[PDB]
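Chemist: Handing you this structure, nothing more for now.
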Amino acid sequence: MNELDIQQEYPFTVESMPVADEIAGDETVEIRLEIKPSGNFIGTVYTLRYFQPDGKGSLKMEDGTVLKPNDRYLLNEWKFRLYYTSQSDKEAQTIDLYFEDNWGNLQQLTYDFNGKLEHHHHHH
């Protein structure tokens, strides 16, 4: 009751572990998602829909199961780690994470890898 803890408005916050912006193609990065909501709903089932537009690789759950593009999975954990193993990615690839829910509707997160278009070095 009387301790240093400050609470103010946290209905739904999506916290992502800082991933490496640049990836070496054949490399594996871990995208750690932590969703910190109010959490009135004990059972909402939720929905995670992953889509792979450009690039190429497998986004695997911390469990091991691979996420199927365009398809979706149902879960209970709001905090989890994703392991994206890329390989045939050219340079700048985008992965689409559609967090879907009955009450939260839809929250789309796009993670672009590399992105930067500097193909040359004008001067070093």
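We label chains A, B, ... in the order they appear in the structure tokens, count residues from 1 in each chain, and number ligands from 1 in the order shown.
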Skip residue 10 of chain A itself and residues of its chain fewer than 6 positions away, then list as a ChimeraX atom specification all residues within 10 Å of it, counting only C-alpha atoms.

Modeler: /A:36-39

Chemist: Name the residues of segment 61-98 of chain A that come out as strand (DSSP E) in a backbone DSSP run; write them as a ChimeraX atom specification.

Modeler: /A:61,72-73,79-86,93-98

Chemist: Do you have the atom CA of residue 104 of chain A-atom CA of residue 55 of chain A distance handy?

Modeler: 28.7 Å

Chemist: Write out as a list in words the residues lying within 9 Å of residue 35 of chain A, counting only C-alpha atoms and excluding same-chain residues fewer than 3 positions away.

Modeler: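 Residues near the query, excluding close chain neighbours: residues 12, 13, 14, 15, 16, 77, 78, 79 and 80 of chain A.
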
Chemist: Could you save those same residues with N, CA and C atoms as a short mmCIF file (atom, residue, chain, number, x, y, z; two decimals), in the first residue's frame?

Modeler:
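The resulting file, again.cif, is reproduced below:
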```cif
data_model
loop_
_atom_site.label_atom_id
_atom_site.label_comp_id
_atom_site.auth_asym_id
_atom_site.auth_seq_id
_atom_site.Cartn_x
_atom_site.Cartn_y
_atom_site.Cartn_z
N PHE A 12 -3.33 -1.72 -22.56
CA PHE A 12 -2.78 -2.61 -23.56
C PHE A 12 -1.49 -2.02 -24.14
N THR A 13 -0.36 -2.52 -23.68
CA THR A 13 0.92 -2.05 -24.19
C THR A 13 1.71 -3.21 -24.79
N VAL A 14 2.26 -3.00 -25.97
CA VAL A 14 3.04 -4.02 -26.64
C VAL A 14 4.52 -3.71 -26.53
N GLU A 15 5.22 -4.50 -25.74
CA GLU A 15 6.63 -4.29 -25.51
C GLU A 15 7.44 -5.32 -26.29
N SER A 16 8.37 -4.84 -27.09
CA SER A 16 9.16 -5.71 -27.93
C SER A 16 10.63 -5.61 -27.56
N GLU A 77 -0.47 -17.20 -23.55
CA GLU A 77 0.64 -16.38 -23.08
C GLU A 77 0.66 -15.03 -23.79
N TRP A 78 0.85 -13.97 -23.01
CA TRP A 78 0.95 -12.62 -23.54
C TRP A 78 2.42 -12.26 -23.77
N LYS A 79 3.30 -13.05 -23.18
CA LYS A 79 4.73 -12.86 -23.33
C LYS A 79 5.35 -14.12 -23.90
N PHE A 80 6.08 -13.98 -25.00
CA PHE A 80 6.67 -15.13 -25.67
C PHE A 80 7.81 -14.71 -26.58
#
```

Chemist: Can you pull out every residue within 9 Å of segment 88-101 of chain A, counting only C-alpha atoms, but drop anything in the same chain fewer than 6 positions away, and send it as a VMD selection string?

Modeler: chain A and resid 22 to 26 44 to 57 69 72 107 to 117

Chemist: Output N, CA and C atoms for every residue in that selection, as an mmCIF file, in the first residue's frame.

Modeler:
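The resulting file, result_1.cif, is shown below:
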```cif
data_model
loop_
_atom_site.group_PDB
_atom_site.id
_atom_site.type_symbol
_atom_site.label_atom_id
_atom_site.label_comp_id
_atom_site.auth_asym_id
_atom_site.auth_seq_id
_atom_site.Cartn_x
_atom_site.Cartn_y
_atom_site.Cartn_z
ATOM 1 N N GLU A 22 19.703 -4.974 -38.656
ATOM 2 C CA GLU A 22 20.329 -5.621 -39.796
ATOM 3 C C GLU A 22 20.557 -7.102 -39.520
ATOM 4 N N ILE A 23 20.252 -7.928 -40.505
ATOM 5 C CA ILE A 23 20.417 -9.364 -40.376
ATOM 6 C C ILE A 23 21.191 -9.904 -41.579
ATOM 7 N N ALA A 24 22.049 -10.885 -41.332
ATOM 8 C CA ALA A 24 22.997 -11.371 -42.336
ATOM 9 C C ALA A 24 22.400 -12.444 -43.250
ATOM 10 N N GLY A 25 21.106 -12.359 -43.522
ATOM 11 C CA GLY A 25 20.464 -13.361 -44.359
ATOM 12 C C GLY A 25 20.322 -14.682 -43.631
ATOM 13 N N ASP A 26 21.306 -15.563 -43.786
ATOM 14 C CA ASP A 26 21.312 -16.833 -43.064
ATOM 15 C C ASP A 26 21.669 -16.590 -41.605
ATOM 16 N N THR A 44 -9.713 -15.096 -23.495
ATOM 17 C CA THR A 44 -10.112 -14.437 -24.726
ATOM 18 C C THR A 44 -9.620 -15.235 -25.932
ATOM 19 N N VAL A 45 -8.715 -16.183 -25.667
ATOM 20 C CA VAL A 45 -8.168 -17.081 -26.686
ATOM 21 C C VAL A 45 -7.148 -16.371 -27.580
ATOM 22 N N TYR A 46 -7.481 -15.157 -28.006
ATOM 23 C CA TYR A 46 -6.589 -14.328 -28.819
ATOM 24 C C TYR A 46 -6.327 -14.999 -30.172
ATOM 25 N N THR A 47 -5.557 -14.349 -31.024
ATOM 26 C CA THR A 47 -5.170 -14.925 -32.301
ATOM 27 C C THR A 47 -3.866 -14.300 -32.796
ATOM 28 N N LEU A 48 -2.938 -15.137 -33.230
ATOM 29 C CA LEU A 48 -1.699 -14.659 -33.820
ATOM 30 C C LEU A 48 -1.633 -15.085 -35.277
ATOM 31 N N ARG A 49 -1.688 -14.115 -36.177
ATOM 32 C CA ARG A 49 -1.656 -14.399 -37.605
ATOM 33 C C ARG A 49 -0.389 -13.821 -38.226
ATOM 34 N N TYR A 50 0.459 -14.696 -38.735
ATOM 35 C CA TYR A 50 1.728 -14.287 -39.319
ATOM 36 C C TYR A 50 1.664 -14.361 -40.836
ATOM 37 N N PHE A 51 2.209 -13.354 -41.504
ATOM 38 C CA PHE A 51 2.269 -13.354 -42.956
ATOM 39 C C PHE A 51 3.685 -13.036 -43.430
ATOM 40 N N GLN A 52 4.128 -13.744 -44.460
ATOM 41 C CA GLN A 52 5.456 -13.538 -45.023
ATOM 42 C C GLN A 52 5.351 -13.024 -46.457
ATOM 43 N N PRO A 53 5.464 -11.701 -46.634
ATOM 44 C CA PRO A 53 5.405 -11.056 -47.944
ATOM 45 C C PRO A 53 6.706 -11.211 -48.731
ATOM 46 N N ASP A 54 7.727 -10.452 -48.348
ATOM 47 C CA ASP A 54 9.012 -10.502 -49.038
ATOM 48 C C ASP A 54 10.077 -11.066 -48.111
ATOM 49 N N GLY A 55 11.114 -11.648 -48.691
ATOM 50 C CA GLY A 55 12.102 -12.356 -47.905
ATOM 51 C C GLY A 55 11.801 -13.831 -47.903
ATOM 52 N N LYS A 56 12.450 -14.591 -47.032
ATOM 53 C CA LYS A 56 12.141 -16.008 -46.919
ATOM 54 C C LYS A 56 12.798 -16.630 -45.697
ATOM 55 N N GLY A 57 12.001 -17.363 -44.942
ATOM 56 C CA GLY A 57 12.492 -18.024 -43.759
ATOM 57 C C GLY A 57 11.356 -18.578 -42.937
ATOM 58 N N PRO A 69 2.429 -18.806 -42.644
ATOM 59 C CA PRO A 69 2.019 -17.545 -43.271
ATOM 60 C C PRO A 69 0.564 -17.573 -43.727
ATOM 61 N N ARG A 72 -3.002 -18.864 -38.763
ATOM 62 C CA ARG A 72 -3.004 -18.300 -37.421
ATOM 63 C C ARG A 72 -2.983 -19.374 -36.336
ATOM 64 N N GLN A 107 -4.172 -5.673 -34.074
ATOM 65 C CA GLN A 107 -2.987 -4.841 -33.969
ATOM 66 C C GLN A 107 -1.901 -5.419 -34.870
ATOM 67 N N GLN A 108 -1.574 -4.708 -35.935
ATOM 68 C CA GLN A 108 -0.606 -5.199 -36.906
ATOM 69 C C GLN A 108 0.774 -4.603 -36.649
ATOM 70 N N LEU A 109 1.770 -5.467 -36.559
ATOM 71 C CA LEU A 109 3.144 -5.039 -36.357
ATOM 72 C C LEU A 109 4.017 -5.539 -37.499
ATOM 73 N N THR A 110 4.645 -4.617 -38.202
ATOM 74 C CA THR A 110 5.523 -4.975 -39.299
ATOM 75 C C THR A 110 6.978 -4.774 -38.908
ATOM 76 N N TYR A 111 7.758 -5.837 -38.992
ATOM 77 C CA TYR A 111 9.177 -5.758 -38.699
ATOM 78 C C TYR A 111 9.984 -5.859 -39.981
ATOM 79 N N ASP A 112 10.602 -4.752 -40.358
ATOM 80 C CA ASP A 112 11.449 -4.706 -41.539
ATOM 81 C C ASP A 112 12.893 -4.956 -41.141
ATOM 82 N N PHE A 113 13.534 -5.898 -41.803
ATOM 83 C CA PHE A 113 14.921 -6.206 -41.511
ATOM 84 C C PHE A 113 15.840 -5.531 -42.517
ATOM 85 N N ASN A 114 16.901 -4.929 -41.976
ATOM 86 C CA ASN A 114 17.857 -4.103 -42.710
ATOM 87 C C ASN A 114 17.207 -2.793 -43.135
ATOM 88 N N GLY A 115 16.394 -2.846 -44.181
ATOM 89 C CA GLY A 115 15.644 -1.675 -44.609
ATOM 90 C C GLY A 115 16.491 -0.652 -45.344
ATOM 91 N N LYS A 116 17.581 -0.225 -44.710
ATOM 92 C CA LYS A 116 18.477 0.790 -45.263
ATOM 93 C C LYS A 116 18.933 0.436 -46.682
ATOM 94 N N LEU A 117 18.843 1.419 -47.571
ATOM 95 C CA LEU A 117 18.998 1.188 -49.001
ATOM 96 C C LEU A 117 20.389 1.569 -49.500
#
```

Chemist: Find the distance between atom CA of residue 61 of chain A and atom CA of residue 83 of chain A and write it in Å to one decimal.

Modeler: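 Answer for the atom CA of residue 61 of chain A to atom CA of residue 83 of chain A separation: 6.2 Å.
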
Chemist: What's the separation between atom CA of residue 62 of chain A and atom CA of residue 41 of chain A, in Å to one decimal place?

Modeler: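 The value is 23.9 Å.
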